[PDB]
Amino acid sequence: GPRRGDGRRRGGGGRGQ
RNA sequence: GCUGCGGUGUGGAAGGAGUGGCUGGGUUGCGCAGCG
């Protein structure tokens with residue numbers, strides 16, 4: 001549940017770059 | 001912010017996390033979830 005709203009690059013894998 | 005999820009696509013009614021991908025939809029699209 002992200003309360004910041006910034007929206008960081010998802011970890012896990014490449015996806016999020 | 002920090003991390004994770006083949007999970008969802010302009011294939012995900014099939015992989016795998018790039019540990020194939022910086023043209024192939026892509027300098028790893030798009031969303032979602034967890035923690036403050």
# chains A, B, ... in the order shown; residues from 1 in each chain; ligands from 1
>>> residues_around(residues="residue 6 (chain A)", least_positions_apart="3", cutoff="9 Å", atoms="only C-alpha atoms (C1' of nucleotides)", output="list in words")
residues 2 and 3 of chain A; 1 of chain B
>>> closest_atom_pairs(of="chain A", to="chain B", cutoff="6 Å", atoms="only C-alpha atoms (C1' of nucleotides)", output="JSON lines")
{"residue": "A:11", "atom": "CA", "partner": "B:3", "partner_atom": "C1'", "distance": 5.7}
{"residue": "A:12", "atom": "CA", "partner": "B:4", "partner_atom": "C1'", "distance": 5.1}
{"residue": "A:13", "atom": "CA", "partner": "B:17", "partner_atom": "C1'", "distance": 4.7}
{"residue": "A:14", "atom": "CA", "partner": "B:28", "partner_atom": "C1'", "distance": 4.6}
{"residue": "A:15", "atom": "CA", "partner": "B:28", "partner_atom": "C1'", "distance": 5.1}
>>> write_last_selection(atoms="C-alpha atoms", output="compact mmCIF listing (two decimals), in the first residue's frame")
# COMPACT_ATOMS: atom_id res chain seq x y z
CA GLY A 11 12.29 -4.27 -7.61
CA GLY A 12 11.87 -7.98 -8.31
CA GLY A 13 13.20 -7.73 -11.87
CA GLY A 14 14.08 -5.40 -14.73
CA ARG A 15 10.39 -4.47 -14.90
>>> atom_distance(atom1="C1' of residue 22 (chain B)", atom2="CA of residue 5 (chain A)")
27.3 Å
